[PDB]
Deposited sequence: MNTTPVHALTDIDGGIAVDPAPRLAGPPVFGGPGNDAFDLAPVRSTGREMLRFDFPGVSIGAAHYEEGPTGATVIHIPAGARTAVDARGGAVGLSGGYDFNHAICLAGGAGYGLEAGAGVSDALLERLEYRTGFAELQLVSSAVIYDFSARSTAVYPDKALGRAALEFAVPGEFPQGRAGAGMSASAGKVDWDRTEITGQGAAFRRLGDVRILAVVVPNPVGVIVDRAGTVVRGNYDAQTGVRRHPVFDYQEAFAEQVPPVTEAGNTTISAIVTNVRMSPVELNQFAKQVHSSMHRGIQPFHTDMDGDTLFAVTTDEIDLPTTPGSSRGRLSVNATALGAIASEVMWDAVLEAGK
């Protein structure tokens, strides 16, 4: 079991953006994941004054996207089927403004051309992170721009960085909520590349492949984390009577294939986050392809007649995302 990171109770009444001269900081988190994915960059910026942040995945060429918005409490802007960037942020609905900062900077980079085909498209999604801190500072337009400016190829700052600065898990009761973080993982299989990025702020808890609860719902009185279903079932016997994420790959997929891939990978995250896709969550996954590599025409291999196709890619990517969720909770 990891040491606890209890968020502690929120002291409400704290200052907001207008009280500060807010200074973007490039997020470095606890350690840097390095990987090789040409054409993809990541920037993360935060305000210490929150603490809260945004994380921007920039794909300058633009890339086909499916969105799976699955929770009951989704905060999403654009949700486009083609994106030059994905912006994830804290600050609840207010933090969608970070995406406008990214959009504006892309327009300027494009010399303010505005033909239909040249529109710079940014989809943004948010987590509510106001309970995990004592200020009302939200990621703003300037912070979005900073995150884009900080974006570099082949790097991701793990842990408390960017949108993950004040992410937290395990919300049966706030006294047992723990700070998580943001996480990424990367796998290369021949020419195939899969990057997962995740900012888990779940009502549920993070669970590992052995079924151990590793982050969220920590009881200080007992020193142990519990699966929420134990609390829930006891409450019923007694009283009766959000995760935002992206999977980026270079494998060509049709719009239909890509959408089903998104749904598959997203549902797969109920393994590592439990419960998941609840009415209290606004879980949103972006599936993005750079469309560089074809699947073979027939799905066969030494490992099986139906072994090479988009379902197979979905299963592999599902493991990469689990690894990312675990990096976040570490």
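**Q** Counting from 1 along the deposited sequence, what's missing?
**A** Sequence ranges with no C-alpha atoms are 1-18, 260-266.
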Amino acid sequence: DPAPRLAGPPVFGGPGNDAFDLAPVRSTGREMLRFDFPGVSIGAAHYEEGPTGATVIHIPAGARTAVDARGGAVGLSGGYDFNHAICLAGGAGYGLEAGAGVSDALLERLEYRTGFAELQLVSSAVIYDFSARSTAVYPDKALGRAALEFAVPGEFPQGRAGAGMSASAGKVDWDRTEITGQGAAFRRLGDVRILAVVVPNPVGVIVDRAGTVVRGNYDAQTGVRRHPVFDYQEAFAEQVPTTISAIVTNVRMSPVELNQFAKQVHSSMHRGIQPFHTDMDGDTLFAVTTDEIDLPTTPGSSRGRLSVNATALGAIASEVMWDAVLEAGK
From here on, numbers count along this sequence of modelled residues.
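**Q** What stretch has the higher average Cα B-factor here, 203-211 or 67-75?
**A** Stretch with the greater average CA B-factor: 67-75.
**Q** Taking the mean of the C-alpha B-factors per stretch from the entry, tell me the winner out of 298-306 and 23-31.
**A** The deposited B-factors put 298-306 ahead on the C-alpha mean.
**Q** By the CA temperature factor listed in this entry, which of these ranks top: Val40, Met269, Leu285, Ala45?
**A** Answer for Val40, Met269, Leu285, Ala45: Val40, with the highest C-alpha B-factor.
**Q** Compare the CA B factors listed in the entry for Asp129, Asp104, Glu97, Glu238 and report the winner.
**A** Most elevated C-alpha B-factor of the set, per the entry: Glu238.
**Q** Using the temperature factors of the C-alpha atoms in this entry, rank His84 within its chain: lowest, middle or highest third.
**A** Ranked within chain, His84 CA B lands in the middle tercile.
**Q** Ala262's Cα B-factor: lowest, middle or highest third of the chain?
**A** As the PDB entry reports it, the C-alpha B-factor of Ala262 lands in the middle third of its chain.
**Q** Ranking every modelled residue in this chain by its Cα temperature factor as given in the entry, which third contains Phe116?
**A** Top third by C-alpha B-factor.
**Q** Considering every modelled residue of the chain and its Cα B-factor in the PDB entry, is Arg252 in the lowest, middle or highest third?
**A** As the PDB entry reports it, the C-alpha B-factor of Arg252 lands in the highest third of its chain.
**Q** Relative to the other modelled residues of the same chain, rank the CA B-factor of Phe150 and answer lowest, middle or highest third.
**A** Highest third - that is where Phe150 ends up once the chain's C-alpha B-factors are sorted.
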